[PDB]
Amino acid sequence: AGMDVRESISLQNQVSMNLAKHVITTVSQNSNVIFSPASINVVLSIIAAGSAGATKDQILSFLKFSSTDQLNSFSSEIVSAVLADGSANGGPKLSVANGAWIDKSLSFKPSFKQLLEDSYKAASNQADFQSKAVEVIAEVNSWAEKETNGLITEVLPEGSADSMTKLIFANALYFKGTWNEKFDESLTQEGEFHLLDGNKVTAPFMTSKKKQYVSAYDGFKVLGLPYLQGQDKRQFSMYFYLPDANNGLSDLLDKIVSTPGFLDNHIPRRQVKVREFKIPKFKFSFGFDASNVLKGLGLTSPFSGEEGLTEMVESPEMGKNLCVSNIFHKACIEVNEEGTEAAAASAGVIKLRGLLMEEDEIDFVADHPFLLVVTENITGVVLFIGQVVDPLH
C-alpha cells in the first residue's frame, strides 16, 4: 500500500504490546520482564531484507511497512537516531549490540553484508556451530560485551546454541538515564508490595511532594517520568501503568492489547498535585529467544524451512530450507532516585496559584504490579516495554 510513518509507528506499538503479552505468558507469575520492541523490530527488518515471497510479505505485514526499502530507511533514519547514545550531549546513555552469525557451512551474500553494515550498523559473521557451539556462545557474548562497553554481559545463555544451529541474531539494548526531577533519597522508606501470588514483601519505595504527570482512567492510572535531556534533541520518558486492583495487571494488558492507539492516548501531559505518591525502586535484566513468542503471534515463516531466506546466503541449495534458528535478545532496566543536579529553580507561579485555588489532588501508589513503557516522545518510538511484578528481584 502506502502509509504515514506516524501510523506505522502507532500500529507497531500496539503489536508490540501484544508481543509483551505473549512474552509475559512464557514467564512465571512473579517474573519481571523488560525488552526492547524497537530492537526486536530491527532484527525482523534485517530478516525481511534477506528474504522474499510469502516470507518477506509476512514480515512486512507484521512490521506495518509496505517494502523492505521502507523498513531499511525507517531503521537508519529514525530508529538508529532514537537508539543512539545521548550521553555525549547530556542525555541518557544508550548502547546497542546488533549482530548475525551463521554456520560457516554458509556465507552471506556480500551485498547482504553491506546492507547490514550501512542501514543497520550490524555485524555479520560465520561461526563453527557444527563443532564449536560452546565457543561460539562465549564469542558472541564477549562481542556483545565489547559493543556495550561491558554494560551487557551475557546475551546467549549457556547451552543456547548447538551443533544444529544454523542462523542466529544477537541483540541487546542498554539504557540508563537521569530523571529531570530527582527524588530525595532521604525520603525513600520501606513499604509493602503486594505480589500476584497473594503475599506481600517489604521494599524501598521512593516518594515526593512535587507535582507529577499523572492521569486517572477507568480502572487504572498512568504516571510519566521524563528523563533529563541536556543538549539531546530526543525526549525520553518512562510511563507507569497502574491497575486500580492489586491483581489487575493482566486485565489492563488485555485492554491495552485490544485498543488501537492505546499508548498514543494515555500520555499524562499536566503535572498535578499528588497526595500519596509511592514508587518502588527496582533493577533487573531480562533476556529471551524471541523465536517462539513470535511464532506464537503467527510470524512463523522466518523460522520454517518451508520458504526460507533465499536472499541472505549465496548457495540457492543452502538458501532453500535456510531459516532463523534463534533471535537472542537482552535488555536491562533500573529505577532509582538519581536526577539532574543542574536544574534551574522554579519561579513558583503554579505553586502560588495554588494558594488561591482548590487544586484537586491524586494518589499514585505503586505497591502492586504495573506495566512499564519507555518511549522517545518526538518520534513516539518505544524503547522498552516491561512489567514489574516483584521489585525485590
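We number the residues from 1 along the sequence you see.
- Mean CA temperature factor is higher for 121-129 when stretches 233-241 and 121-129 are set side by side in the entry.
- Mean CA temperature factor is higher for 110-118 when stretches 132-140 and 110-118 are set side by side in the entry.
- In the deposited coordinates, the residue among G319, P204, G287, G159 with the greatest CA B-factor is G319.
- Residues shown: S66, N41, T26, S31. Highest C-alpha temperature factor in the entry: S66.
- When the CA B factors of the chain's modelled residues are split into thirds, the value for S36 lands in the lowest one.
- When the modelled residues of the chain are ordered by their C-alpha B factor, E337 lands in the middle third.
- In the PDB entry, a CA B factor belonging to the middle third of its chain's modelled residues is recorded for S45.
- Sort the modelled residues of the chain by CA B factor and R275 lands in the highest third.
- In this PDB entry, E181 carries a Cα temperature factor that places it within the middle third of its chain's modelled residues.
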